[PDB]
Structures are given as structure tokens and as C-alpha cells.
């Protein structure tokens, strides 16, 4: 399966995916990395790994649909089968999500359905949970509501901040995102006809 990874920043999840997809038994290959922000560290990681990169600045498009179409164009150029959102911080449009239905994955740093949105760690700390975690899910139109593929729980320590908690949760992200990608790319897991998760 041919994979596009979309990023907006550091790219530690991208790096974990690059490392996993180069194992001999990987069913996935990363053929393109797309960023919506220029000069981010994830681009360096991709170029260092010999993967093509494209920057699509959302600020240069009139609306969300035009932006997504620019993304889609590149996806078609590279004959992509699967899309991974890896620190990609934009909300995708309905038709774009519909086209890639069952083919697009997102990592989210909470145990969904808790703490949806862009500041999951702040929410978790504010709420005072002692267990948080991360979630890989299929991307549906409603944000952070698509079908869950894998999750891993991560403890919150007394005195945690966003810095220390996100560091601990990233260690789990780097385990389940590659595992989830391998499940979908091998055809082991798919979005079922009834929309629910199917383990073949």
C-alpha cells in the first residue's frame, strides 16, 4: 500500500512511521510527505530519509475545499492508497473525507472519545484524569469521531505539564500509529460496510 503522510510540525510520528515501513515485513511504503507549514522539522526528517516532500500552504487558498483539492492532486500524482495525518493540524472538508473514507488515519493524543480537539493534554490536565493515552482512528467528517483502530493508555503523573505528559504519550503514539498503519495496509483491518471496524 502506498502511503502519504501529512504533517504540520516536528514529525516524531512521521519518523516512527518511516522507521516501521522500512522493516522487511512492512505492508506500507511512504511515497510522499505533505506539510501545510514551511520550514518545519518533519520536512527535514523526510528529506533525510529520501522521501519527496510538498508544502501546501493553506493560507494561499480561498477556502477549505480548494486547499484539500491541492492535497488530493498530489495524492493522485503519487497514486496513494492510504493517508496518515501525523501532527497535521487542519480540519478536512466533507467531500475530501468521503473520498478517502476507509483510507485515511489520524493519531490523537487522548483516549477518544475523551478530550477531542487541538489541546487534548491541556484538557486532560485540567480535568485531572490519572490515565490518558492516544488513539489511532479512521478519519470521518466529524472531527475525532471516526472508527477507532488502536489505543494505548498512558499514566498522568502528579505535577505533569503539557511538556512532560505529551512526551510520555508520544512514546505510545510511536508504537500504535505504525501498528495501526500496518493493520490497514495489510488489509487486516478495514472500515466495514456498516461503518464499524472490521477485523478480517
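Residue numbers count along the first chain shown, from 1. Throughout, rigid core stands for the largest set of C-alpha atoms superposing within 1.5 Å between the two forms.
Of the stretches 77-85 and 115-123, which sits farther from where it is here in 9 other deposited structures of this protein, on average over its Cα atoms, after fitting the core? Farther from the shown form on average in 9 other deposited structures of this protein: 115-123.
| message | Which segment is farther from the shown form on average in 9 other deposited structures of this protein after a rigid core fit, 148-156 or 57-65, going by CA atoms? | response | Relative to the shown form, the greater RMS C-alpha distance in 9 other deposited structures of this protein belongs to 57-65.
Can you tell me which stretch has the higher mean Cα B-factor, 62-70 or 146-154? Stretch with the higher mean C-alpha B-factor: 62-70.
* **Mean temperature factor over C-alpha atoms, higher-scoring stretch between 172-180 and 11-19** => Looking at the record's C-alpha B-factors, the answer is 11-19.
From the list 95, 117, 113, 109, select the residue with the highest C-alpha B factor recorded in the entry.
95 has the highest C-alpha B-factor of those listed.
*Can you tell me which of 28, 134, 139, 38 has the highest Cα temperature factor in the record?*
If I rank 28, 134, 139, 38 by C-alpha B-factor, first place goes to 38.
Query raised in the report: Among the chain's modelled residues, which third holds the C-alpha B-factor of residue 121?
Result: Lowest third.
Query - Relative C-alpha B-factor of residue 84, binned into the chain's lowest, middle or highest third - result: According to the entry, residue 84 has a C-alpha B-factor in the chain's middle third.
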